[PDB]
Amino acid sequence: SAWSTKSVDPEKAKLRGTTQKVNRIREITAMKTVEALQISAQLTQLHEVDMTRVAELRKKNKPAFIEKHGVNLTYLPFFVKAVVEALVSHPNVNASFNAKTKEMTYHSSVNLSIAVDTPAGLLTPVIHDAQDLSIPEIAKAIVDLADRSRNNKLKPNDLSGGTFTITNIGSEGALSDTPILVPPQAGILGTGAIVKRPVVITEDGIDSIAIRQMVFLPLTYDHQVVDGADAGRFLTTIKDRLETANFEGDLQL
Amino acid sequence: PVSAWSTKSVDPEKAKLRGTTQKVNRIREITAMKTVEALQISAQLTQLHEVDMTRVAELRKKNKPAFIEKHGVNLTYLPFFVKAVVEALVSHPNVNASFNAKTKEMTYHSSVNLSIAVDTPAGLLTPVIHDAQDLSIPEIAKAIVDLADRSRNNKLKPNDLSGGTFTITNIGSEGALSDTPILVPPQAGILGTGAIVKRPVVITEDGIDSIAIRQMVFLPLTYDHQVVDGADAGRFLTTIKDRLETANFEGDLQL
Amino acid sequence: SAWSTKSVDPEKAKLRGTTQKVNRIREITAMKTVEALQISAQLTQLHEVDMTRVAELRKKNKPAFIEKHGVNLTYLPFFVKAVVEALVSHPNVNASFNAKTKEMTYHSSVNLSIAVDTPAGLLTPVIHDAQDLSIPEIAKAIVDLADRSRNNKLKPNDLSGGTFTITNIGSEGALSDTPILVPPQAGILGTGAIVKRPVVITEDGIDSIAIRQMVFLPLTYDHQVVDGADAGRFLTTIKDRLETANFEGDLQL
């Protein structure tokens, strides 16, 4: 047959024609995501980042990174490091709003939530005090928290305290999405698929078309805490850090 | 013209509205009520994917004369999108589903009753193709022509409007690249088909990258996070994209 | 250090670790944007417009325009002129819905709200009866309203009566966003960053890849007032006006 089998799970065919009660994980993700949108003013701003230099740095230093630090070098610790630094530099984004008292709380800790796709459903463990971590420590924290999310070895403190979230919306091919932030958080950054795209490049003041590894970074922000220009300035810092790609010293090889 | 103002997609009949207050028709009043309510009782988000429609465009160009001669309807892109989406809803029963927030139970529908958004002068109408999973591309093309005609001429039947399990809306009919369409519970998804645009893209032939002109489309999927999470939305769209990019539809046209 | 300094305000570092009451402007923005989403059916339709001809017209006529009219010639009066003309042609978009009486009011005035980013927060002054204005008058109104927004010299009529809004979401680098409309308004058009992108061009029936100055125009519309097709037709008129770029007479040189 001409039907597509790509990303199709044959085991899900049994679901067809049935009514089944969902598990607690999914039941929580359902009542809480519906509520999140009603108690915040969410909007998603889109920026594109040229990941070609980070890709070249990753390709070059990955073998030594694996040998020294024991874990693989993916794109996620680069996104995490750039976002965590920008949350320190943009304290108005690493913040929570209280609609009753009209007070803004600017968190001194950057407790970064990481969305982890598991067979049981979406889980969002937190990297507490991520501002004190190096790229190797971030890479080991991701491996640890993702493993414990999939094998149900997460403590109650591992799921609380998050001040910002990062989610890989490009894990299943998406260019972008409008991820849902969960108050008290004021932002959630999605990392779209890193795709080769023709872009205009300027070298010595002359424009040319070149193939570059481009990513869309959609930021869902709460308009109660962050304005459009605030969201753009925060994303400009992240984009500048990633496009400059001065991370060789951060890898601690 | 005597002025530099644009006349493109301007309806001179709408000039009568300017400076007036009028009660909206029954279609508009319900669409206003339902869309406002829909967002308050669901967790909507729109995931975007791009699909290379060049092979479907080449197949359509080659087989359009024979399709119109045999089946009597024009061959548009919509039956290809409908066929790919209906097959993907069978393969992804978790998307062809409804959530009950009171009992926390998920119902996975055995029928794919595909809602089609039809723009009419009186407003938006959404007739349903019941049991679309049992239809061929020629039957789909005819059902679209029939339901669109009866929507515009107020001749829809009671069943033509109920039972929808998923919706497909042509947001590219009036030039849009993409949109964040509003899904209406009990449905869990609405796929929009953006405009098919010639865009320069990277093509990797035999391990070598090159820039080529391809007919690209954005397929925004609005999904309910109560029913579908980000990864399921991506897997569902990956199946649709793979079916459209492979473009093995020559037999499906039944010529 | 390798940290990015781009768009980082060192003065905001003082906020980190504190709880402070937000100012009147920010408290009202937070109240209005959370409420706006609950009393409307918002969705954002995206179109791209080739601004290359407007860029070439601007470059060519800017010296004469500044000399005659006394004000700079930016892209904003071209966007304002195209949107205001389209709101006259599409009275269904320059409208307000009353959900209690089910009546649509089609405004005869195009009172265009302009989003102005200020250090004290977002302000949205209104250009009343913008349909009667020329591009030189529009350019002067923008300079005046933006100045008085930043220097807190806006009067009560300057902030009321808006029938549509235009916001420069590309001011801090964004390609696009899903801006929040505020009822009674039914639409808010965002102007993304004007970026040089490689696009396909058809000259004498032959396709080629060329560098053009492209912009994304996201329109947030209220589905109570405007359908997807209505939004597309309204944006098609705007796109046609901008891509044709017949503004030489409008510059009143």
Side-chain angles (χ1 to χ4, degrees), chain A residues 9 11-13 15-20 22-23 25-30 33-39 42 115 117-124 167 172 177-182, chain B residues 33-47 85-86 88-101 103 105-115 126 128 133 162-169 180-192 220-237 239, chain C residues 37-38 41 43:
Chain A
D9 181 358
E11 200 155 44
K12 304 216 181 93
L15 297 179
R16 205 167 167 262
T18 75
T19 313
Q20 299 171 23
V22 312
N23 50 113
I25 290 168
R26 297 192 149 104
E27 172 192 0
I28 287 169
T29 301
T33 38
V34 167
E35 188 199 27
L37 291 162
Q38 299 162 358
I39 61 170
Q42 303 189 27
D117 173 41
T118 83
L122 172 69
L123 285 165
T124 317
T167 183
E172 299 300 332
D177 204 332
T178 61
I180 293 171
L181 60 92
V182 184
Chain B
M33 259 168 169
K34 294 295 274 181
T35 53
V36 162
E37 188 198 25
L39 291 161
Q40 299 162 1
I41 61 170
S42 58
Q44 303 189 27
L45 60 173
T46 308
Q47 188 169 118
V85 163
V86 164
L89 286 159
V90 169
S91 311
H92 298 259
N94 54 296
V95 175
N96 198 233
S98 293
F99 183 62
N100 183 337
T103 74
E105 289 168 337
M106 201 71 72
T107 300
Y108 309 92
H109 309 302
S110 40
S111 284
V112 175
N113 303 325
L114 189 71
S115 298
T126 317
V128 180
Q133 76 277 354
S162 65
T165 59
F166 193 86
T167 304
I168 167 171
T169 182
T180 62
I182 294 172
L183 60 91
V184 185
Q187 297 190 24
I190 177 168
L191 184 87
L221 176 69
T222 297
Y223 56 105
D224 185 356
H225 213 294
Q226 293 183 118
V227 184
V228 179
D229 66 16
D232 293 321
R235 284 185 279 259
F236 168 72
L237 279 165
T239 307
Chain C
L37 292 162
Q38 299 162 359
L43 62 171

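Here is how names work: the chains are called A, B, and so on, in the same order as the sequence lines, proteins then strands, and each is numbered from 1.
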Discussion item. In the structure I gave you, are the side-chain heavy atoms of B/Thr107 and B/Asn100 within less than 4.5 Å of one another anywhere?
Written reply: no
Worksheet item: Checking side chain to side chain contact (heavy atoms under 4.5 Å, CB included) for the pair B/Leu237/B/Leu191: CA distance, chi angles, key distance, verdict?
Response: CA-CA 9 Å; B/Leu237 279 165; B/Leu191 184 87; 3.7 Å; yes
Discussion item. Quick check for you: to the nearest 0.5 Å, what is the distance between A/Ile28 atom CD1 and A/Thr33 atom OG1?
Written reply: 11.0 Å
Fill in: From A/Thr167 atom OG1 to A/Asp177 atom CG, the distance as rounded to the nearest 0.5 Å
8.0 Å
Worksheet item: Any idea which heavy atoms bring B/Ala231 and A/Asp117 closest together, and the distance?
Response: CB-OD2, 3.6 Å
Worksheet item: How far apart are the closest heavy atoms of A/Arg16 and B/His109, and which atoms are they?
Response: CG-O, 3.9 Å
Worksheet item: Is there a donor-acceptor pair under 3.5 Å between the side chain of B/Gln133 and the backbone N or O of B/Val112?
Response: yes
Discussion item. Minimum heavy-atom separation for B/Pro93 and B/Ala97, please, with both atom names.
Written reply: O-CB, 3.6 Å
Worksheet item: Heavy-atom distance under 4.5 Å between the side chains of B/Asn113 and B/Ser115, does that happen here?
Response: no
Worksheet item: Rounded to the nearest 0.5 Å, how far does CD of B/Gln226 lie from OG of B/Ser98?
Response: 10.5 Å
Worksheet item: Would you say B/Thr167 and B/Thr126 make side-chain contact, with heavy atoms under 4.5 Å?
Response: yes
Fill in: Residues B/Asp224, B/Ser42; criterion side-chain hydrogen bond (donor to acceptor under 3.5 Å, both in side chains); working and verdict
CA-CA 6 Å; B/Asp224 185 356; B/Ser42 58; 4.8 Å; no
Worksheet item: Which atom names give the shortest non-hydrogen contact between B/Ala88 and B/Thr239, and what distance separates them?
Response: CB-CG2, 4.2 Å
Worksheet item: Under 3.5 Å, side chain of B/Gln40 to main-chain N/O of A/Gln38, donor-acceptor pair present?
Response: no
Worksheet item: Is there side-chain contact between A/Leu15 and B/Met106, with heavy atoms separated by less than 4.5 Å?
Response: no
Worksheet entry | Rounded distance (nearest 0.5 Å) linking atom OG1 of B/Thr222 with atom CG of B/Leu183 | 6.5 Å
Worksheet item: Taking atom CD1 of B/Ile182 and atom CD of B/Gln44, what is their separation to the nearest 0.5 Å?
Response: 6.5 Å
Discussion item. What I'd like to find out is whether the side chain of B/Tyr223 reaches to under 4.5 Å of the side chain of B/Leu45, using heavy atoms alone.
Written reply: yes
Discussion item. Is there a side chain to side chain contact (heavy atoms under 4.5 Å, CB included) between A/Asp9 and B/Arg235? Walk through the geometry before answering.
Written reply: CA-CA 9 Å; A/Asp9 181 358; B/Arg235 284 185 279 259; over 6 Å; no
Worksheet item: Would B/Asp232 and B/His92 satisfy side chain to side chain contact (heavy atoms under 4.5 Å, CB included), going step by step from the backbone distance to the final call?
Response: CA-CA 9 Å; B/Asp232 293 321; B/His92 298 259; over 6 Å; no
Worksheet item: Do B/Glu37 and B/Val184 have side chains that get closer than 4.5 Å, going by heavy atoms?
Response: no
Worksheet item: Would a distance-only check, ignoring hydrogens and angles, find a side-chain to backbone donor-acceptor pair under 3.5 Å from A/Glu172 to B/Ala233?
Response: no
Response to the item:
The reported gap from OG1 in A/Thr18 to OH in B/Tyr108 (rounded to nearest 0.5 angstrom) is 6.5 Å
Item to complete: Check whether any side-chain heavy atom of B/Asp229 lies under 4.5 Å from a side-chain heavy atom of A/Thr29, and answer yes or no.
Response: no
Worksheet entry | Minimal non-hydrogen separation, B/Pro181 against B/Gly192, with atom names | CG-N, 4.4 Å
Worksheet item: Do B/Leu221 and B/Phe236 come close enough that some side-chain heavy atom pair is under 4.5 Å?
Response: yes
Worksheet, complete the sentence: What one should report as the nearest heavy-atom pair of B/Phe99 and A/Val22 is CE1-CG1, 4.1 Å
